[PDB]
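Accompanying notes for the structure given below.
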Amino acid sequence: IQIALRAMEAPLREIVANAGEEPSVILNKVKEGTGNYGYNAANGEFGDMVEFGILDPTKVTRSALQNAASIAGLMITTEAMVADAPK
Amino acid sequence: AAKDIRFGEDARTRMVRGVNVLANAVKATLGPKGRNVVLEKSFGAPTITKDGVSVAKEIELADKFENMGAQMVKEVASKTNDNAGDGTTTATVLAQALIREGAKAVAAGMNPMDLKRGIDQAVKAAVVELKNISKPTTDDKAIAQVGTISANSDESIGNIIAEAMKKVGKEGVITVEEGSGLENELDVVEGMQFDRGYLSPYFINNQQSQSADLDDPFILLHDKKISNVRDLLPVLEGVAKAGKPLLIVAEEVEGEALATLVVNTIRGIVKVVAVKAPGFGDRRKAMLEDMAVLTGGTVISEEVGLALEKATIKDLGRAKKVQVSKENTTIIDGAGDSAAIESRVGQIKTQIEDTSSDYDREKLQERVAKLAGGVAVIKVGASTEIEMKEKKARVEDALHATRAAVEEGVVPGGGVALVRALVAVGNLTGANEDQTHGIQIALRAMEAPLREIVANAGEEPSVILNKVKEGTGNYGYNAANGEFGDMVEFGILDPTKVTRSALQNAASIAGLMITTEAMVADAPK
Amino acid sequence: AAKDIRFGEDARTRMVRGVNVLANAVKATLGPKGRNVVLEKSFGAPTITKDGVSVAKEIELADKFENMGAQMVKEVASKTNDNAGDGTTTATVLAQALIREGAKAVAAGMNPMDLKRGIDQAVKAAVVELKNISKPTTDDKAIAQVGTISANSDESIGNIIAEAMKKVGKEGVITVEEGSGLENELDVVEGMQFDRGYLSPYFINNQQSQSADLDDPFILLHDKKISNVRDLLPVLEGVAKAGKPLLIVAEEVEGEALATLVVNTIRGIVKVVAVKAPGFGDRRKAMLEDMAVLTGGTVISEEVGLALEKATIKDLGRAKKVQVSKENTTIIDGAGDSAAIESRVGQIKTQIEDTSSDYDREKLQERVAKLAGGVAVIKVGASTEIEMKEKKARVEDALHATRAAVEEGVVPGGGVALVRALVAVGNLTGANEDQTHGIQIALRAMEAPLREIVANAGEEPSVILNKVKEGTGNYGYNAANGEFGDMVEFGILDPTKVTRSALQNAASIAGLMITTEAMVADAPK
Amino acid sequence: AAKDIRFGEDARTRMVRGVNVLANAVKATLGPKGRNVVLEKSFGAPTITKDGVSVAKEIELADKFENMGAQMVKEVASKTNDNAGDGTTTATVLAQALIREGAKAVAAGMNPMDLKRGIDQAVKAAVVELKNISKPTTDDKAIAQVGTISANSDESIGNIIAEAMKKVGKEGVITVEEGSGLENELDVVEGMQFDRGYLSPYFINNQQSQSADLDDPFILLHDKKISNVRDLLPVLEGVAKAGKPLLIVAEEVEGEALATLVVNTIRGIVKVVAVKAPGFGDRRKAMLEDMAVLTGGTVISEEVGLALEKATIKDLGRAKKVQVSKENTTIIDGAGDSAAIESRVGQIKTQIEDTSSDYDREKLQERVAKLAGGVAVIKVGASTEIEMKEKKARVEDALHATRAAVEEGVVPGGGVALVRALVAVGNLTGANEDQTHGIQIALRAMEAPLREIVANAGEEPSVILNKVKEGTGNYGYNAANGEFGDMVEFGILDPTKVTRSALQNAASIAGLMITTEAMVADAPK
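Chains as they are written, first to last, in full-length UniProt numbering: chain A, 440 to 526; chain B, 2 to 526; chain C, 2 to 526; chain D, 2 to 526.
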């Protein structure tokens, strides 16, 4: 349950990092906020991610999450692999 | 194929290697005390060249990632060849200066998205400072002077240019050809030239000046994309009877169409070259019609009910000579009637008046120009076949140069223009300390062109670049000479368009490699 | 022999890859959440330790260059601890954040002299801001609180340390002995302390206390250099006999004498320890006949007849105990008559009434301070012995802190006082961009202490440091439980002198390291 | 010299591999169905053993780091053989399971300082849950029936151990000694035990009981710590005459003193064993004449003004025997008088009425006992010298267990006493995720001593372990026979002191290796 939740931090973190800033600090700031609060990463400031105009269709975010959680489960529960021989 | 992929540093480090190998063999040739660079050829004895574009083409590497770097700066550096005329070397020695120093500053920790923003903000505020010190060449004494200088001191070639542009305007068509023999020749004939070049190399038969060139050929116009070689045979065959050459313009080609033509044209049996039609939609149909009434041929599609299968050589337009570049087609001396032409304009006129719309009316004015204004043709004085083949190039160059001079003016050469914009903003800073350090490695790189020229001559770059900097106006160093002075009087000057874009191109690609975190090569296996 | 001489980055790369092999050993030990370090031992069970100093002491390196890197910071880091009492650990991790950020920025192509100036500049500021944010402790209530705190909230051991100061003044002399047992003592006795120490290790006979303790020792005072061995052996035999040990205190003890008396102290008997005699020239010869009276010895000068063979055991002084640091010799309960002492203070009393020489006056009031002063003795109780040896160290160190606390007051600790000072200089800037960068690296480097103190506790350190920067005054994190609060009401505070010393020292070597350009080492051959 | 030094996982993976070698060798001996371990003898035929305490001793690894790992756990293992009297083969395997699980847990990226907390949280709540399910011995039906077990059901040996404790109180001094010929004696005589052993081995002159045993010896009581041999010559060459062995007991004995005693034992020239002086400061001198009177000897400190020069046979006390352990000295049948002794206690007794303090009266209360103590001296009848030799060994094995059971009581053996605490403190959690995964690996590692037994016996441990927890009371598997039921009906139990010891000790070094981030060995070059 907790190893799934730390993953849901990962998307934000990897953007904040890409920008050059500090992943941990910035995510704690958003975590600590309520409402529609976030981090506009091109500007570099904090506000209602709606009023900056930065949105993801609920579907694609929901879709992304479930599709990852599936193959995750599969690769964890994997035990053997059969591949063609080099020579 | 199984792919070999690399990251972060050992990526950016192998990219820096490739650009360093390309730029070191190239910059060696820069400025008038340029150094020879031998190039081996298949059979015989090698080539010896002082030509940076000539060396640049020849550079491929074995390390797959080095190579990718070398090819990347090659691409956008040779887009100032595409765009302006010269500075294929300048853009190259700038990129290297920007990148070998850029990569370093990322390694130390500085923030690539900030370093990018620094260089950008600094070129933005130097491309301004290059206009600010531009002299314009618009009056017809300054066009011929820019001519003379660009054709290595010859008023003779610099003049036909001046009066070519008096004839068709400065924004009109001007072309060069082999000449009668001794003494130049300026004809002004009905013609057209447009937005598209050959849809492949291999079509190039004048690699002397990488272009396609054909004498008294047929022109085929289509609305429709092409595949089946079969639909085309009633006129491929037809031309094979008379053994004349042929231009295919159509919505596209690709696939089997292009495949067969490439081959059987480098067989020699019937030569052809194939070009994307100009524009798209309503205005594309109209423009294939435009160059039907010019060529006295016919637009060919299920529009006035004519497929390709039924169209013989009789429905095909003709002209005395076509010719076609990477990004250019120019049809000279149209077969069509003087009347049918000025009749077609007379119709687009009464169309121009009706169009209650702005960008609408911009497009029709553009087309009545092509048709009316036609072409200027500068046939080239000679004595001995080869002292002409040469001279043709010296002209083509001076024409390219002058045409750019006309639009954006001219600045001092010896790469002193660059070091005068440099000096004309040191103050400049950025939102934070990284940003500035970008600004800094940009300003320190605009010294790159002059620096290298000096060294090829064997003088001490640091001193000479200091003397230039300490002065003002057109105060520069003539590398051939050794003298300092007003470079404009010394007759050393670049169009603003080439010096501007040579810089901007580098800044663009230096921006990209600095902010590159992953490369993906086809596995050296 | 032959040397291997290395240059530039090839040389600077070894050093730093070596302070890093040392800083990582040591910074593992930093904080209330410090990690353990295992040190081999030549026979028996490896030592485990949370004490950085210990770990620092055991790091020699195979590569002759990587190791100079090591031994260089290893010294200047252990200056702050000889100099204050603690902060080696703090200094080594501060020096790491300056050397790795510095060497990176040099090989990037910044100018090494300007980077030093930048570092230099920023440190001066932080220091003068670190002096502001410092509550002092002079009052008796305050001295009690600080001692108490620095011995694990032992209200009682802070209570004596304070009573000791009230007795002998702030800048008096204070020793600690081993006790009666359970319940502690304090009594001032007529001893002396002069500011030199052991003239070599292997004289250390208390590895727990890098001190050399001797009881009932014979004290030899000599007024010239002792370099022979056969011209001093008589007085040795005499000691060896009549049990008692021997403190030599000569001008200098060198060459063959250091050798011989060193080896038969790690074997043999005699168990000697030698120090250099304090002062120089005339105020030296005096300051020996100052302690001659105190101990009841004779000063064995060539001038006044007697030499070295003509020395019984009854030329020598005695006292109930002496101890000798690396830095600091102390004689306790000199075997001298109070008549002979107060009498000598007499001569020096009416020597202050014979100098119109403001300073030459002090050099005499520095000696009456010694003879009249005596030596505060904290005898440490404990009970269940081995519980007395734990409690010996807690005091020795709670005295170190408390003394340097009265000197320059206290700051908050857990490395929060260094960041409080970071935040209160901010947009500080230099002569140029190479200097400003130096300033930015030193301001990043002060985060290091806290950052490592968290990283050991195993929280995200960038989160917790940022959270302390948004606080003010005494806001900090208590690594030891995980609470954010007023560091001083939690009872967590460094002395000001250590934080200062550590930061100054760290930046000191970092400056020399940045600006190194060649190393000379003996060959692997 | 060059220090090889290693960090992080790389460090631990080599530490743990070390213990995984030591443990595997040792734990194979565990259980009444233990396995044999062959140990190579330096000359002659090899040893064969099921004695983890023997196998442990001979284990040292070739690789430096692995070894530190072993030597380390090997330490706090043999802490429970010098504290309890057994249980190294339990502590070792308890640790091995804690560590290879702390190892994997930290590699997976869990917080060590949280893991170390949940292990210590669990251990703490499993010792109080172990004292819950203890059952004191105290009376002479309990004690008798323990020793019977400890020495293989021999009811005779069980009785004397009960009878001898009934002479000198059930926290009073007991020796064992060689027999006369069949059937055991048990004389009480004058005597005194204390908490010091041989200042180093080598003295050790009877390795059956790992001690140094002296017949009709002179006792020397010094207060100084003797550095040199010179002082002892009139006593040592004085003792060679009378032909008696000498017991030195001083504050300590340094080097060149203790050097010669070790070399002059082996080579014959006089028999000696040195021991530390018990306590420190005051009560030491009180404890050091508390035995002067008992041995009819005299104290030779210069605190009354006698040196070791001023020492003739007459001053040195005497008894019929002295013996001495790894730690523990015991003087037997003191040559002092009825007169001097009870007098000395009459003089002590009336200071326990006149005691101004309430800690001062603990020293006295335990000193009156010591000196009013006497000692039970069990002699071992056998038939055939070998049996005396071999039986006498088993007498001391019960004398340990029984004594240490009478200190905290007795729990059911076969590592069920653990899997009953284990099951009892079963849900228990802490601050986070990580702190419970500690409590989990701390409980799961308490199964591991029983697990080890069953497997040594070669049944399926999982199902016996499930099946032990599945019951309650004193129920368990008895791998001796292979049937379950009340483990103390079956005769099997451990002192409570030894089972707790092992678990607390194991979890100590468990935590210090889990929180080791670097180690500092010596370079093998």
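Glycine included, every Cβ here is placed at the ideal spot set by N, Cα and C.
Inset, instruction - Consider the Cβ of residue 160/B: report whether some Cβ of chain A lies at a distance smaller than 8 Å. - result: Start at 1 with the first residue of the second sequence, and residue 160/B comes out as number 159. So no, residue 160/B is outside the interface.
Inset, instruction - Please confirm if the stretch 490-500 of chain D is in contact with the stretch 413-421 of chain D, defined as three or more CB-CB distances below 8 Å between the two stretches. - result: yes
Inset, instruction - Look up residue 194/B in the DSSP assignment and say whether it is helix, strand or coil. - result: Taking the first residue of the second sequence as position 1, residue 194/B is located at position 193. Strand.
Inset, instruction - Please state whether DSSP places residue 449/C in a helix, a strand or coil. - result: Position 448 of the third sequence, counted from the first residue, corresponds to residue 449/C. DSSP places residue 449/C in helix when its eight states are reduced to three.
Legend entry - Distance CB(residue 509/D)-CB(residue 38/D) smaller than 8 Å: Locating residue 509/D in the fourth sequence gives position 508, counting from the first residue. Locating residue 38/D in the fourth sequence gives position 37, counting from the first residue. Going by C-beta atoms, residue 509/D is not nearer than 8 Å to residue 38/D.
Inset, instruction - With 9 Å as the limit, tell me which residues of the stretch 114-140 of chain B have their beta carbon closer than that to any beta carbon of chain C; keep them in chain order. - result: none
Legend entry - Local conformation of residue 223/B per DSSP, three classes: Numbered from 1 along the second sequence, position 222 holds the residue referred to as residue 223/B. Looking at residue 223/B - three-state DSSP - the assignment turns out to be strand.
Legend entry - Beta-bridge pairing of residue 6/B - partner residues as DSSP gives them: Here residue 6/B corresponds to residue number 5 of the second sequence, with the count starting at 1. Beta-bridge pairing links residue 6/B to 521/B.
Inset, instruction - Compute the minimum distance between the beta carbon of residue 170/B and the heavy atoms of the ligand GDP, and state whether it is under 7 Å. - result: The ligand GDP is absent from the structure shown, which contains no ligands of any kind.
Legend entry - Complete runs of the beta strand (DSSP E) confined to the stretch 50-135 of chain B [at least 3 residues]: none
Legend entry - Backbone CA spacing between residue 460/A and residue 434/D [nearest angstrom]: Against the first sequence, residue 460/A aligns to sequence position 21. Against the fourth sequence, residue 434/D aligns to sequence position 433. Using only the alpha carbons, I get a separation of about 29 Å.
Inset, instruction - For residue 549/C, return the contacting residues in chain B, with the cut-off set at a CB-CB distance below 8 Å. - result: Outside the shown range of chain C (2 to 526) lies residue 549/C, about which nothing can therefore be said.
Inset, instruction - Measure the Cβ-Cβ separation of residue 319/C and residue 220/C and say whether it is below 8 Å. - result: Within the third sequence, the letter at position 318 stands for residue 319/C. Within the third sequence, the letter at position 219 stands for residue 220/C. Result yes, Cβ atoms of residue 319/C and residue 220/C sit closer than 8 Å.
Legend entry - Interface positions of the stretch 476-503 of chain C facing chain A (Cβ-Cβ less than 9 Å), listed along the chain: none
Inset, instruction - Out of 62/C, 128/C, 345/C, point me to the one whose CA is closest to residue 507/C's CA. - result: Translated into the one-based positions of the third sequence, residue 507/C becomes position 506. For the residues 62/C, 128/C, 345/C, the minimum Cα distance to residue 507/C belongs to 128/C.
Legend entry - Own chain residues within Cβ distance below 6 Å of residue 115/C, not counting five before or after: Numbered from its first residue, the third sequence carries residue 115/C at position 114. Here the set comprises 435, 436.
Legend entry - Of the listed residues 197/C, 462/C, 199/C, 175/C, nearest to residue 189/C (C-alpha basis): The residue labelled residue 189/C in the question sits at position 188 within the third sequence. Of 197/C, 462/C, 199/C, 175/C, the residue nearest in Cα terms is 175/C.
Inset, instruction - Could you have a look at residue 1/C and say whether DSSP puts it in helix, strand or coil? - result: Within the shown structure, residues of chain C are numbered from 2 to 526, placing residue 1/C beyond reach of any answer.
Legend entry - Beta-carbon gap between residue 451/B and residue 417/B smaller than 8 Å: Along the second sequence, one-based indexing puts residue 451/B at 450. Along the second sequence, one-based indexing puts residue 417/B at 416. Contact: yes.
Inset, instruction - Report yes if the C-beta distance between residue 399/B and residue 19/B is below 8 Å; otherwise report no. - result: Here the question's residue 399/B lines up with position 398 in the second sequence. Here the question's residue 19/B lines up with position 18 in the second sequence. Not closer than 8 Å, so no.
Inset, instruction - Output, in sequence order along the chain, the residues in the stretch 60-73 of chain D whose CB is closer than 7 Å to any CB in chain C. - result: 65, 69, 72, 73
Legend entry - Span separating the alpha-carbon of residue 328/B from that of residue 364/B: What you label residue 328/B is simply residue 327 of the second sequence in a count that begins at 1. What you label residue 364/B is simply residue 363 of the second sequence in a count that begins at 1. Roughly 20 Å between the two C-alpha positions.
Legend entry - Rounded separation between residue 484/D and residue 49/D - CA only: For the purposes of this step, residue 484/D is identified with residue 483 of the fourth sequence, where counting begins at 1. For the purposes of this step, residue 49/D is identified with residue 48 of the fourth sequence, where counting begins at 1. Answer to the nearest angstrom: the Cα atoms are 29 Å apart.
Legend entry - Contacts that residue 441/B makes with chain C (C-beta to C-beta distance below 7 Å): Translated into the one-based positions of the second sequence, residue 441/B becomes position 440. Here the neighbours are 434.
Inset, instruction - Say whether chain C places a C-beta atom closer than 8 Å to the C-beta of residue 170/B. - result: The residue you call residue 170/B lines up with position 169 of the second sequence. No, no contact with chain C.
Legend entry - Alpha-carbon to alpha-carbon, residue 423/B and residue 474/B: Here residue 474/B corresponds to residue number 473 of the second sequence, with the count starting at 1. Here residue 423/B corresponds to residue number 422 of the second sequence, with the count starting at 1. Cα to Cα, the separation comes out at about 13 Å.
Inset, instruction - Look at residue 239/D and residue 314/D and say whether their C-beta atoms are less than 8 Å apart. - result: Translated into the one-based positions of the fourth sequence, residue 239/D becomes position 238. Translated into the one-based positions of the fourth sequence, residue 314/D becomes position 313. Closer than 8 Å, so yes.
Inset, instruction - Identify, in the order they occur along the chain, each residue of the same chain with its Cβ nearer than 6 Å to the Cβ of residue 462/A, setting aside the five sequence neighbours on each side. - result: In the first sequence, counting from the first residue as 1, residue 462/A sits at position 23. Correct list, in chain order: 452, 455, 456.
Legend entry - Top-ranked residue by Cα proximity to residue 516/B, from 147/B, 204/B, 9/B: For the purposes of this step, residue 516/B is taken as residue 515 along the second sequence, with counting starting at 1. Residue 516/B has its Cα closest to that of 9/B, out of 147/B, 204/B, 9/B.
Legend entry - residue 467/B: first and last residue of the uninterrupted alpha helix (DSSP H) it sits in: On the second sequence, residue 467/B is found 466 positions in, with the first residue counted as 1. Residues 462-471.
Inset, instruction - In the DSSP assignment, find the unbroken beta strand (DSSP E) run with residue 335/B in it and report its ends. - result: Walking along the second sequence from the start, residue 335/B turns up at place 334. From DSSP, the beta strand (DSSP E) with residue 335/B extends over 330-335.
Legend entry - Assigned exposure category for residue 555/C - 16 Cβ within 10 Å defines buried: Coverage of chain C is limited to positions 2 through 526, which leaves residue 555/C absent and any answer about it impossible.
Legend entry - Alpha-carbon spacing of residue 109/D relative to residue 80/D, whole angstroms: Reading the fourth sequence from its first residue, position 108 is the one you call residue 109/D. Reading the fourth sequence from its first residue, position 79 is the one you call residue 80/D. Cα to Cα, residue 109/D sits roughly 31 Å from residue 80/D.
Inset, instruction - Measuring alpha carbon to alpha carbon, tell me which of 225/D, 229/D, 447/D, 185/D ends up nearest residue 259/D. - result: Counting from 1 along the fourth sequence, the entry for residue 259/D is found at position 258. Answer by Cα proximity: 229/D.
Inset, instruction - Keeping to the same chain, check which residues put their C-beta closer than 7 Å to that of residue 203/C; ignore five residues upstream and five downstream. - result: Within the third sequence, residue 203/C is the residue found at index 202, counting from 1. Excluding residues within five positions, the ones whose Cβ falls inside 7 Å are 263, 266, 267.
Inset, instruction - Grab the span of the beta strand (DSSP E) containing residue 360/D for me, first residue to last. - result: In the fourth sequence, counting from the first residue as 1, residue 360/D sits at position 359. No beta strand (DSSP E) holds residue 360/D; DSSP gives it neither H nor E.
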